[PDB]
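Asks: Pasting a structure here, questions to come.
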Amino acid sequence: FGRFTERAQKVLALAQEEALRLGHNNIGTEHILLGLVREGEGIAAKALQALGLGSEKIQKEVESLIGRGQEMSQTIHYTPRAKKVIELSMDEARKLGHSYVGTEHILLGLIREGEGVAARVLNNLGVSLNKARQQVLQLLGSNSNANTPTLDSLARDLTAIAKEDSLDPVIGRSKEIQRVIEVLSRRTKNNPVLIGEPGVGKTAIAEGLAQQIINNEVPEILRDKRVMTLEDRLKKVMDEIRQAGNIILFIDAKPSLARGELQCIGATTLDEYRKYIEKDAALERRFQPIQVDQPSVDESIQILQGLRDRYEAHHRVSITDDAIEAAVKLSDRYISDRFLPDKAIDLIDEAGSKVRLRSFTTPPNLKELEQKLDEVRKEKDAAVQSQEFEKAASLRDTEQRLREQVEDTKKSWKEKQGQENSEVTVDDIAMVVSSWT
Amino acid sequence: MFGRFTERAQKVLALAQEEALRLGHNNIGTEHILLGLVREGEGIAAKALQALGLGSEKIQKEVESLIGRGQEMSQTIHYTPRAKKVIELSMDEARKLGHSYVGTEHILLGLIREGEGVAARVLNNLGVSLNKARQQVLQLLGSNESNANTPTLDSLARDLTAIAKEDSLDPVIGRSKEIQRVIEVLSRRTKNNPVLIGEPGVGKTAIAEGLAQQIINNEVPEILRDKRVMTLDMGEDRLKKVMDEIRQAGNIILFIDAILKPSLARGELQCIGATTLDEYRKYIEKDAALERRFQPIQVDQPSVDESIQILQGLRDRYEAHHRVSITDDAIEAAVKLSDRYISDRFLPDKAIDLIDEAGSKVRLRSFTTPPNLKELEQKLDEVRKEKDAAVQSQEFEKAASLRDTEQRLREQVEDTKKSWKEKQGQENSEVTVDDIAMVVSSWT
Amino acid sequence: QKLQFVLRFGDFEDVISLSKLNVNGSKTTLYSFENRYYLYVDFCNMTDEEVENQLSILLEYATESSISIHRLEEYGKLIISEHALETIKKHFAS
Amino acid sequence: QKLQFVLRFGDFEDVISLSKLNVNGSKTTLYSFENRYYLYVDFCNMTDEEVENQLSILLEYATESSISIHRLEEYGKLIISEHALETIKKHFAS
Numbered sequence: 003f004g005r006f007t008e009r010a011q012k013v014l015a016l017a018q019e020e021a022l023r024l025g026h027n028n029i030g031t032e033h034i035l036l037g038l039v040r041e042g043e044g045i046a047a048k049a050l051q052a053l054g055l056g057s058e059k060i061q062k063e064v065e066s067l068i069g070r071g072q073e074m075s076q077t078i079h080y081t082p083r084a085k086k087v088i089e090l091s092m093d094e095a096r097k098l099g100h101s102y103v104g105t106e107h108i109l110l111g112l113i114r115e116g117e118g119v120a121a122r123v124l125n126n127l128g129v130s131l132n133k134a135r136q137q138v139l140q141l142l143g144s145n156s157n158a159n160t161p162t163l164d165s166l167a168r169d170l171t172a173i174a175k176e177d178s179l180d181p182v183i184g185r186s187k188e189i190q191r192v193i194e195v196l197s198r199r200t201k202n203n204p205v206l207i208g209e210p211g212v213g214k215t216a217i218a219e220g221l222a223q224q225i226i227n228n229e230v231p232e233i234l235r236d237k238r239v240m241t242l258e259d260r261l262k263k264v265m266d267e268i269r270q271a272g273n274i275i276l277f278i279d292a301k302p303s304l305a306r307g308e309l310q311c312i313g314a315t316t317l318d319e320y321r322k323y324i325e326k327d328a329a330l331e332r333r334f335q336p337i338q339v340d341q342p343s344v345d346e347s348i349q350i351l352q353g354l355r356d357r358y359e360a361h362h363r364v365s366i367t368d369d370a371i372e373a374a375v376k377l378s379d380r381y382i383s384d385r386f387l388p389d390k391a392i393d394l395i396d397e398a399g400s401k402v403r404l405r406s407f408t409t410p411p412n413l414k415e416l417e418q419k420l421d422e423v424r425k426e427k428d429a430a431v432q433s434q435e436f437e438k439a440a441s442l443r444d445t446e447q448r449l450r451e452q453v454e455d456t457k458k459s460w461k462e463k464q465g466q467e468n469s470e471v472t473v474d475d476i477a478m479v480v481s482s483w484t
Numbered sequence: 002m003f004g005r006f007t008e009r010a011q012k013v014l015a016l017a018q019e020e021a022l023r024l025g026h027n028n029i030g031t032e033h034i035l036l037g038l039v040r041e042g043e044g045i046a047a048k049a050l051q052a053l054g055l056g057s058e059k060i061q062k063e064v065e066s067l068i069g070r071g072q073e074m075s076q077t078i079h080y081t082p083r084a085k086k087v088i089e090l091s092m093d094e095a096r097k098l099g100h101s102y103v104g105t106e107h108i109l110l111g112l113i114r115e116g117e118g119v120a121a122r123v124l125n126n127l128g129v130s131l132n133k134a135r136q137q138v139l140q141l142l143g144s145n146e156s157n158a159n160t161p162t163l164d165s166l167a168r169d170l171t172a173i174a175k176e177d178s179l180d181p182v183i184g185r186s187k188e189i190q191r192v193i194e195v196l197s198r199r200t201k202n203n204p205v206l207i208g209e210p211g212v213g214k215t216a217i218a219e220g221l222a223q224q225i226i227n228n229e230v231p232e233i234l235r236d237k238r239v240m241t242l243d244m250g258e259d260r261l262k263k264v265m266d267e268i269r270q271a272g273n274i275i276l277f278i279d292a299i300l301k302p303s304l305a306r307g308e309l310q311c312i313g314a315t316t317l318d319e320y321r322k323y324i325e326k327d328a329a330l331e332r333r334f335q336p337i338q339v340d341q342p343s344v345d346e347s348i349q350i351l352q353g354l355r356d357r358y359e360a361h362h363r364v365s366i367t368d369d370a371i372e373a374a375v376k377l378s379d380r381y382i383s384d385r386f387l388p389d390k391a392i393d394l395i396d397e398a399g400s401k402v403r404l405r406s407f408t409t410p411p412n413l414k415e416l417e418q419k420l421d422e423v424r425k426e427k428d429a430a431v432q433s434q435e436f437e438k439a440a441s442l443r444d445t446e447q448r449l450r451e452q453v454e455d456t457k458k459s460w461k462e463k464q465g466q467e468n469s470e471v472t473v474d475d476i477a478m479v480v481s482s483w484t
Numbered sequence: 125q126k127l128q129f130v131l132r133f134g135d136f137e138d139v140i141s142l143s144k145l146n147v148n149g150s151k152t153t154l155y156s157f158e159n160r161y162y163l164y165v166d167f168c169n170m171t172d173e174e175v176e177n178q179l180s181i182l183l184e185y186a187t188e189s190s191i192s193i194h195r196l197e198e199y200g201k202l203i204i205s206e207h208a209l210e211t212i213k214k215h216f217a218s
Numbered sequence: 125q126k127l128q129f130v131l132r133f134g135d136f137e138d139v140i141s142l143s144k145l146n147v148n149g150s151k152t153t154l155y156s157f158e159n160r161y162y163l164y165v166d167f168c169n170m171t172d173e174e175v176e177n178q179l180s181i182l183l184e185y186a187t188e189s190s191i192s193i194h195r196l197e198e199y200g201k202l203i204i205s206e207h208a209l210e211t212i213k214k215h216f217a218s
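What follows is the structure, given as structure tokens:
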């Protein structure tokens, strides 16, 4: 119903291997379970080895509750239960940040929907349901003074946060950064206010100081200094600071005021800043401005490639380079009413979907079979409640001829993934624009 | 090291190395920093260990009993990553103590905090849990130090008489005949309370520190001796609370620069006001407890030369940003250009603003990226990858030389990245005029 | 412990599937209601262990409806009595 | 007391450094994951005192990751088996 590990995918098809090895006709939750302990190497497989549940012990209970074996094997499908069980492992992994399902999650997903044959194999093999979700769990896991208070989230620590080697590039606005520092030293117009048309770049300048203080060239006393970010918890945390002062605050959107320390970098617009200094005059005083020129066109390009990898998340990029060249250049002169790093990115996204979108569209003049198909099922129902079986079973053998019929032109539509899956070049990008201009 | 500590610190650190080799090991881990502390035998850190029952004798025996000789390699050694954390930490175990500089204790403090490591085990082995230890260091450091002052001096709000007691207070110039005109308006019974109006600008707030000094020693009527200057102001739940805890104490004069919140004249609640040329127009306009109680005097945009002197008095204090004291010849410009050339403030704020524009800016031309050797680092990158990604494929000896190819680069980088200490000896601690006149032209 | 249950299948084919097994000492009857098909199971004499067991299987192919069984006996639509599973296996498994 | 541990190094060179010593009765295996390198140590038969000891050293060069070891065996990236330290010493110490 999507994409999982090999281990998942193998374990699933492996249920089918077991579907037939016993001759049954629908693969229920009991076969998914055989699937897991029989690929013997998944985390799922590993766990079962713990509870005391080899393939030996299990299959004996199962055959002791179903056995042979109508070799029918008339191209089988799932149990509705097990289809639920699959829908579930997908969720038992949203619930774990695991970007992709695998052997464990499916075992997780079975417990969750406990009503079914697997579940009974075990409540029969003296293995309550929770002792089991446990075993899988115990095989997966995770990944400071005043920081105590601050260190909510509100408002994450740019500094130590990017001290952990954990930081990327980052491309500037390299002289945008350093002007944040002439100001963040002064004693005059001390606290710098970051004015420029919104974005991106802006948040990237403070991720700068962060990068700069730490590794490491910086000056007029600024070491071991964090940059931190993002009402019934208000000035609360703010007192962990009037009592220790290694800290710049990064703002987004207000002034509880220079009652003392408080080093902050300003998130505000060409005009929005004039919504401080007019009522005055903490502005011409404390707070003090600097602008975000739109990042260098060429710098613009090698900015995406960094988050190219990370949007690879929708299927096409990484690549093409020839694909980005577009996004960026189009914007700088061809409308051309934003900021030279923000725009480009947006464009990708239109296409950063618009391709997996066009990918999962609908087959040819193959609409009317759906309509035909519809009434047959219908015609089938009416007669079964009239029964009239044969006079219908006719009609089932007949609905089903049309079923596998349409599929082989919808599964024949991974014939359509190819003609755009991970295809990328300007082709897709600029047609985007025929609208915006 | 990674900064500056006491001798005791710096000695104890290099002393780890002394011990680095005395046993022949190749990286100095947390275990050597510990030997370093008990072997300088005189630091607070050293002193503490003598308490828990941990002489150099007892320790080194555990240590050699867990490492021993001794590849004399000594191929110019470096730290353990753990120990580098341990140092990063003492720096913080001293932010957390107001100790402006690290030293023998903080490094012993810093060890406990990052307990994962060899030192920590020496002791959890020498039957000395980790906390019994942070204690001993603590019990060898501590603290530092009129009734009604309680509620008050509490808030808020910077007791000017105080900052003027330990003489820990700047001059400040004057506006010397200005300070006096305040004491008439304050020695009265009619217009009890004074209010200074001028561009805001002339750091009006400066004149106030004036009383602190004179009420103390001592030229002022016996009508005012034994009183106190304090500040804020404007306008929350801490309402009439502390203000009740003051009317109940007559020895108080106050400073403002804002709203009204006027319970005026009521108690001995006696003010000094700093508010714009006009804003006052918008308060006696309230009237007429205004035109009554409070009462004004004209604050002057200082005599241009006076400006200069103010600068110098706090020159020695802007050495903070690394370039001053001096140059006089430069100051005069900061000031002089502003009185005649733009030309939009008070003649003492303007100045200092030019100075600060430059009061980092040059400390900065210091820190700029070296020659177009922006390119080197660019190069070094591609490397790690090959090295790294290769290492994931292995490609092992295909890295050995790859790593080596790397550090070849790095030292080259850092050698020309610290070649820009020369961009420091050129600019750092500079100043002259030309710096300023720049700042000026970049204002019009 | 109760020994009679009423289950709802989402689509009819779910029922055919169930049929393709062993009913076993199990009287069973099948109604049509709200377009969905309910099926009514009646175990005569089985150990509780034996029934909690069996019922497991059933719900691989159904869910258990809160539906008052007499609502069906009155306002449902009968389709097959007593041997409800058995009959579907006849006209549908091959 | 447990006798198998999983440690994370911030940068690879930290690992080379560790290699330049004595592994000693220590099977060890090295993965690459989240760009950071994890290393998996396995002591066969040692006194608890003997292991709490040895592990000390290791964490002068690493920290101990909360990471489920099987997460690696599945979703990791193997680099060297069983004799993980031993190998880096070969291709890297001089």
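Residue numbers (the UniProt record's numbering), protein chains in the order written: chain A, 3 to 145, 156 to 242, 258 to 279, 292, 301 to 484; chain B, 2 to 146, 156 to 244, 250, 258 to 279, 292, 299 to 484; chain C, 125 to 218; chain D, 125 to 218.
Where is the CB? At the ideal position from N, CA and C, for every residue including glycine.
Could you tell me which of A:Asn-468, A:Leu-416, A:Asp-428 and A:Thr-472 sits nearest to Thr-456 of chain A, measuring between CA atoms?
Replies: Position 409 of the first sequence, counting from 1, holds the residue named residue 456 of chain A. The option with the nearest alpha carbon to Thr-456 of chain A is A:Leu-416.
Asks: So if I threshold CB-CB distances at 7 Å, which residues from the segment 405 to 428 of chain B count as touching chain D?
Replies: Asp-428
Asks: Just the Cα atoms here: how many angstroms apart are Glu-325 of chain B and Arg-185 of chain B?
Replies: If you number the second sequence from 1, residue 325 of chain B lands on position 285. If you number the second sequence from 1, residue 185 of chain B lands on position 175. Each residue's alpha carbon lies about 28 Å from the other.
Asks: Tell me the residue span of the alpha helix (DSSP H) that contains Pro-342 of chain B.
Replies: Walking along the second sequence from the start, residue 342 of chain B turns up at place 302. Careful: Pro-342 of chain B lies outside any alpha helix (DSSP H) and carries neither H nor E.
Asks: Do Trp-483 of chain A and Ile-382 of chain A have their beta-carbon atoms positioned less than 9 Å apart in this structure?
Replies: Numbered from 1 along the first sequence, position 335 holds the residue referred to as residue 382 of chain A. Numbered from 1 along the first sequence, position 436 holds the residue referred to as residue 483 of chain A. Going by C-beta atoms, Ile-382 of chain A is nearer than 9 Å to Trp-483 of chain A.
Asks: May I ask you to report which of helix, strand or coil DSSP gives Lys-326 of chain B?
Replies: Position 286 of the second sequence, counted from the first residue, corresponds to residue 326 of chain B. In the structure shown, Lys-326 of chain B sits in coil (DSSP, three-state: anything other than H, G, I, E or B).
Asks: Verify the CB distance criterion: does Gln-190 of chain A have a CB-CB separation below 9 Å to chain B?
Replies: Indexing the first sequence from 1 puts residue 190 of chain A at position 178. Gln-190 of chain A counts as touching chain B.
Asks: List the residues of chain A that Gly-134 of chain D touches, going by C-beta distances under 7 Å, in chain order.
Replies: Residue mapping note: residue 134 of chain D aligns to position 10 of the fourth sequence, counting from 1. The CB of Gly-134 of chain D comes closer than 7 Å to the CB of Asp-177 in chain A, given here in chain order.
Asks: Please say whether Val-239 of chain A and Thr-162 of chain A have beta carbons closer to each other than 9 Å?
Replies: Mapped onto the first sequence, residue 162 of chain A falls at position 150. Mapped onto the first sequence, residue 239 of chain A falls at position 227. Their beta carbons are not under 9 Å apart, which means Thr-162 of chain A does not touch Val-239 of chain A by this criterion.
Asks: What would DSSP say about residue 492 of chain A, mapped onto helix, strand or coil?
Replies: The shown model of chain A, from 3 to 484, leaves out residue 492 of chain A, and the question about it has no answer.
Asks: Using only the alpha-carbon positions, how far apart do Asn-273 of chain A and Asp-345 of chain B sit?
Replies: Looking up residue 273 of chain A in the first sequence gives position 246. Looking up residue 345 of chain B in the second sequence gives position 305. Their Cα atoms are separated by approximately 38 Å.
Asks: Which chain A residues are close to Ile-191 of chain C, counting only those with a beta carbon under 9 Å from its beta carbon?
Replies: The sequence position of residue 191 of chain C within the third sequence is 67, counting from 1. Per Cβ cutoff of 9 Å: no residues; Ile-191 of chain C is ~17 Å from chain A at best.
Asks: Looking at chain B, which residues of the segment 202 to 231 of chain A have a Cβ within less than 8 Å of any of its Cβ atoms?
Replies: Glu-229, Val-230 and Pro-231
Asks: Using CA atoms only, rank isn't needed, just tell me which of A:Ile-278, A:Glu-372, A:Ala-391 and A:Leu-354 is closest to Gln-341 of chain A.
Replies: For the purposes of this step, residue 341 of chain A is taken as residue 294 along the first sequence, with counting starting at 1. Nearest C-alpha to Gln-341 of chain A: A:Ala-391.
Asks: Between B:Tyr-323, B:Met-74, B:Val-129 and B:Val-402, which has its C-alpha nearest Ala-292 of chain B's C-alpha?
Replies: Position 258 of the second sequence holds residue 292 of chain B. It is B:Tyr-323 whose Cα lies nearest to the Cα of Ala-292 of chain B.
Asks: With H, G and I counted as helix, E and B as strand and the rest as coil, what does DSSP make of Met-265 of chain A?
Replies: Taking the first residue of the first sequence as position 1, residue 265 of chain A is located at position 238. Note: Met-265 of chain A maps to helix in three-state DSSP.
Asks: Which bits of chain C does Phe-6 of chain A rub up against, with CB to CB less than 9 Å?
Replies: For this step, residue 6 of chain A is matched to residue 4 along the first sequence. Within 9 Å Cβ-Cβ: nothing; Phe-6 of chain A doesn't reach chain C, min ~21 Å.
Asks: Using a Cβ-Cβ cut-off of 9 Å, state whether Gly-42 of chain A counts as contacting chain D.
Replies: Residue 42 of chain A sits at position 40 when you count from the first residue of the first sequence. No, no contact with chain D.
Asks: Got a sec? Which residues, its chain only, sit under 7 Å from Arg-424 of chain A by beta carbon, not counting five neighbours each side?
Replies: Residue numbering aside, residue 424 of chain A sits at position 377 when the first sequence is read from its first letter. Correct list, in chain order: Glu-446.
Asks: Given this structure, state the Cα-to-Cα distance separating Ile-225 of chain A from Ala-218 of chain A, to the nearest angstrom.
Replies: Counting from 1 along the first sequence, the entry for residue 225 of chain A is found at position 213. Counting from 1 along the first sequence, the entry for residue 218 of chain A is found at position 206. Answer to the nearest angstrom: the Cα atoms are 11 Å apart.
Asks: Are the beta-carbon atoms belonging to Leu-127 of chain A and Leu-55 of chain A less than 9 Å from one another?
Replies: Taking the first sequence and counting its residues from 1, one reaches residue 127 of chain A at position 125. Taking the first sequence and counting its residues from 1, one reaches residue 55 of chain A at position 53. Closer than 9 Å, so yes.
Asks: Are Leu-112 of chain B and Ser-91 of chain B closer than 9 Å when you measure CB to CB?
Replies: Counted from its first residue, the second sequence places residue 112 of chain B at position 111. Counted from its first residue, the second sequence places residue 91 of chain B at position 90. Yes, these two residues count as a Cβ contact at 9 Å.
Asks: So, with DSSP's three-state summary, where would you put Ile-350 of chain B?
Replies: Residue mapping note: residue 350 of chain B aligns to position 310 of the second sequence, counting from 1. Helix, per DSSP.
Asks: Are residue 257 of chain B and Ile-203 of chain D closer than 9 Å when you measure CB to CB?
Replies: Placed between 250 and 258 in the numbering, residue 257 of chain B has no coordinates, as chain B goes from one to the other without interruption by modelled residues.
Asks: Does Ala-373 of chain B come within less than 9 Å of chain A when only Cβ atoms are used?
Replies: Sequence index remark: in the second sequence, residue 373 of chain B carries index 333 (1-based). Chain A contact via Cβ: absent.
Asks: What does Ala-440 of chain B reach in chain D if we use C-beta pairs closer than 8 Å?
Replies: Residue 440 of chain B sits at position 400 when you count from the first residue of the second sequence. Going along chain D in sequence order, the residues near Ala-440 of chain B (Cβ under 8 Å) are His-215 and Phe-216.
Asks: Is there a C-beta anywhere in chain A that falls below 9 Å from the one on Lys-97 of chain B?
Replies: Working through the second sequence from its first residue, we reach residue 97 of chain B at position 96. Yes - at least one Cβ of chain A is within 9 Å of the one on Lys-97 of chain B.
Asks: Taking one C-beta from the segment 128 to 145 of chain C and one from the segment 169 to 188 of chain C each time, how about it: are there three or more such pairs within less than 8 Å?
Replies: yes
Asks: What residues in the segment 60 to 81 of chain B have a beta carbon less than 8 Å from any beta carbon of chain D?
Replies: Flagged, chain order: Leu-67, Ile-68 and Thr-81.
Asks: Given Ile-191 of chain C, which residues of its chain have a CB within under 7 Å of its CB, disregarding the five upstream and five downstream residues?
Replies: As a working mapping, residue 191 of chain C is identified with position 67 in the third sequence. Once the five neighbours on either side are set aside, the close Cβ partners of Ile-191 of chain C are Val-130 and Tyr-162.
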